[PDB]
């Protein structure tokens, strides 16, 4: 089973990236399983809703009392050295919140890092049905 672990917010960066102080050291984390419109896309820069998704994540982790990280079952860092995890703010998963508001799409999933895929798929469908932001 996965397990949550404490961390401290250092700075939110994008709708899908946040810098945290994990185990004594600063680390950039990429939110598992979600794709958020980008503000600093490597080729396009600011896409539609990017500012909205960035403000949403920033708002959520910044207003929290307790941040926790939950690594999945496979690799824990991507090629750029960013931790791959599910981030929770006061018990609520930032990854899911983003998808539920239609501020992110569920990304291309790759086992064994797919534990919450079903859950995330369920929130994205609901957001599509409600025609929210990205699904409007």
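Residue numbers count along the first chain shown, from 1.
Comparing 85-93 with 101-109, the higher mean C-alpha B-factor in the PDB entry belongs to 101-109. Per the PDB record, of the two stretches 36-44 and 58-66, 36-44 carries the greater mean B-factor over its C-alpha atoms. Per the deposited coordinates, the residue with the largest Cα temperature factor out of 123, 17, 114, 25 is 25.
In this PDB entry, residue 13 carries a Cα temperature factor that places it within the highest third of its chain's modelled residues.
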